[PDB]
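Throughout, protein chains are lettered first and strands after them, A, B, ... in sequence-line order, and every chain is numbered starting at 1.
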2 protein chains.
Amino acid sequence: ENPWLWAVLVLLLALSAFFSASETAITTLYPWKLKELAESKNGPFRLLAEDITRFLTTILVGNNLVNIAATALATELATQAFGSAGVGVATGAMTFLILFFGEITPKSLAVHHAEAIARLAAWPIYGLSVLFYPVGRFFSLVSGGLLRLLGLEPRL
Amino acid sequence: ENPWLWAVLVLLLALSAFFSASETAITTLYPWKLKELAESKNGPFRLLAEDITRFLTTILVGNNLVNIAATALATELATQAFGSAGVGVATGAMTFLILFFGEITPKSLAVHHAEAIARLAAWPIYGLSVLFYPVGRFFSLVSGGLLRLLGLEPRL
Ligand SMILES: [Mg+2]
Ligand SMILES: [Mg+2]
Ligand SMILES: [Zn+2]
Ligand SMILES: [Zn+2]
């Protein structure tokens, strides 16, 4: 239980709140209010409006990554402290923290501050998208390919 | 690495796919097609149509719980195998598995089989909701209370 480790886990939960708040802010502005902000300038809203799929894909990848990285770190601490019971301890604690602070609280906050959050989140998420969006798109393309191979989606 | 442990982790990832597929099936039917199925009978669609918030809340809680429980178990195996590097190993592996099998593949599948999946998922999710929906609602009520206390949502 190094002090840095607790600060990394706090950092990861803050990133999870950042991603879930951004998702809600973006989608609640879309499409009509995002376009109006986009035709005025500047500048994140035109970026957001023109490629909302890049942003929501990046958030999906990013939100899962930080939630999984925080759970893994928390499980390392709990099982070193408690042994095999630490898996249940970390599951209970992290489900509360991720649900409360990484999901419910930031989404609730975002509906009331959607414009400010989208404005501030757009460029950091655009930067992450240079890696995350190709990754998510690869996954989705391969997944659809697999579903069609198996006959579970219409052939093409 | 007991055989049962790998089967529990597979089971958890299947539950994650069940929850994410159900979410997509439900929301893509809502509202117009869900009502049409609901006025015909029987019987899950009327249940779904009348209380969609109970179902989406239960899925939120359930999806996070199984993703966190699978990550915790996977991290137990990885760090017992590899030490502290196991945290990164489990984060990388579980992000791929949860994104690919627990999220992207089941959601893609659900848009093409939304009626069958909603029909089959409604009663199991209703059963879980007896515990999960009170839990999620408590969280959301307390979260909004906290945001208003802090001045981050309009006072009431
Ligand atoms: Mg989050
Ligand atoms: Mg899932
Ligand atoms: Zn205008
Ligand atoms: Zn009708």
Could you check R119(B) against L37(B) for side chain to side chain contact (heavy atoms under 4.5 Å, CB included), going step by step and ending with a plain yes or no? CA-CA 10 Å; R119(B) 179 202 312 289; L37(B) 297 163; over 6 Å; no
Can you tell if the side chain of [X] reaches within under 4.5 Å of the side chain of [Y], non-hydrogen atoms only?
X      : Y       : answer
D51(A) : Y126(A) : no
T53(B) : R137(B) : no
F19(A) : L128(A) : yes

Tell me the closest heavy-atom pair linking [X] and [Y], and the distance in Å.
X       : Y       : result
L65(A)  : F132(A) : CD2-CZ, 4.0 Å
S140(B) : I104(A) : CA-CG2, 3.7 Å
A74(A)  : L9(A)   : CB-CD1, 4.2 Å
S108(A) : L147(B) : OG-CD1, 3.3 Å
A121(B) : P124(B) : O-CD, 3.2 Å
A49(A)  : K35(A)  : CB-CD, 3.7 Å

In Å and rounded to the nearest 0.5 Å, what is the [atom1] to [atom2] distance from [X] to [Y]?
X       : Y       : atom1 : atom2 : result
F139(B) : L146(B) : CZ    : CG    : 13.5 Å
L34(B)  : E115(B) : CG    : CD    : 9.5 Å
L156(A) : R148(A) : CG    : CZ    : 7.0 Å
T71(B)  : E76(B)  : OG1   : CD    : 13.0 Å
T105(A) : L97(A)  : OG1   : CG    : 10.5 Å
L48(B)  : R54(B)  : CG    : CZ    : 12.0 Å

Just jot down the side chain to side chain contact (heavy atoms under 4.5 Å, CB included) partners of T24(A), sequence neighbours excluded, or say none.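 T24(A) satisfies side chain to side chain contact (heavy atoms under 4.5 Å, CB included) with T28(A), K107(A), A110(A), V111(A) once adjacent residues are dropped.
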Please check this pair: side chain of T75(A) against backbone of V87(A), looking for a donor-acceptor N/O pair closer than 3.5 Å.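 No, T75(A) side chain to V87(A) backbone: no donor-acceptor pair under 3.5 Å.
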Counting only N and O atoms by type, is there a donor-acceptor contact under 3.5 Å from the side chain of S20(A) to the main-chain atoms of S16(A)?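 Here the side-chain-to-backbone pair exists.
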Same apolar cluster: [X] and [Y], side chain cutoff 4.5 Å:
X       : Y       : result
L150(A) : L13(B)  : yes
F45(A)  : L120(A) : no
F18(A)  : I52(A)  : yes
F55(B)  : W123(B) : yes
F82(A)  : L5(B)   : no

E23(B) and its side chain to side chain contact (heavy atoms under 4.5 Å, CB included) partner, picked from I117(B), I125(B), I59(B), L60(B):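 The single option meeting the side chain to side chain contact (heavy atoms under 4.5 Å, CB included) with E23(B) is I59(B).
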From the options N67(B), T95(B), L99(B), select the one residue that forms a side chain to side chain contact (heavy atoms under 4.5 Å, CB included) with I68(A). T95(B)
Stepwise side chain to side chain contact (heavy atoms under 4.5 Å, CB included) test for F138(A) and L141(A): CA-CA 5 Å; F138(A) 185 76; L141(A) 286 167; 6.0 Å; no
Just jot down the side-chain hydrogen bond (donor to acceptor under 3.5 Å, both in side chains) partners of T79(A), sequence neighbours excluded, or say none.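 Scan of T79(A) (side-chain hydrogen bond (donor to acceptor under 3.5 Å, both in side chains), adjacent residues dropped) gives none.
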What class does the angle between the rings of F100(A) and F96(A) fall in, given that below 30° is parallel, 30 to 60° is tilted and above 60° is perpendicular?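 Rings of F100(A) and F96(A): parallel, under 30°.
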